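Given as structure tokens, the chain that follows is alone and in the form deposited in one PDB entry.
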């Protein structure tokens, strides 16, 4: 199967598969059952911001999520990504809905990776998404262009989110995260999102993920599986 490393923004508590009894952020290593979670005070209809950072010296994957005029939520986990991911990877965003639903809108997205030997770099930034974004790989129900935004999951014309939807968006160019002569390897990611729902129980969430370059959406990965994992193991 695919190799997945992801930071999940989980809006629906599936307590039967390890989720806490509240909206949360988590670090997923090849499993939907997070290795580490933190309580997330999610706000319906508000624009949020997420930061993800990592470097090969400290070997620590940390993430910070916040809303304007509010306190932030953070979570960290010690993991050597060189022992999990291949040398060449692709980065992207994923989201899903099930019987419960929500809008999974992305307003902006930036990413930067550095390889310092004894310096190679890649940086891209989207502040608006065009109708034909040729430097993005869209999978599933993901579409671009609507109000210059990226809609990961299906949304009707009236602006109402649909259930049983799943979509992913990956950057076109592969990313080099390890090299034999490298002394320091690091990356940082930032994206702004807008989750809206007419229901009192939104679902299922958004995730930033890193995977093998030929990764595709697993079958039946709608709902709680966030379009990343084939099962709940």
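Residue numbers count along the first chain shown, from 1. Each form is matched to the other, and the largest set of C-alpha atoms that superpose within 1.5 Å is called the rigid core.
Form solved in complex with a partner chain: not shown, discussed below.
Check: Heavy atom within 4.5 Å of its partner chain in the bound PDB entry: which of 39, 196, 35, 201?
Finding: When its partner chain is considered in the bound PDB entry, the option within 4.5 Å is 201.
Check: Can any non-hydrogen atom of residue 219 be found within 4.5 angstroms of its partner chain in the bound PDB entry?
Finding: Answer no; every heavy atom of residue 219 is more than 4.5 Å from its partner chain in the bound PDB entry.
Check: So in the bound PDB entry, does any heavy atom of residue 12 sit within 4.5 Å of its partner chain?
Finding: Residue 12 belongs to the contact set for its partner chain.
Notebook entry, point to check: Cα of residue 179 displaced 2 Å or more between this form and the one not shown, core superposed?
Noted result: It does shift by 2 Å or more.
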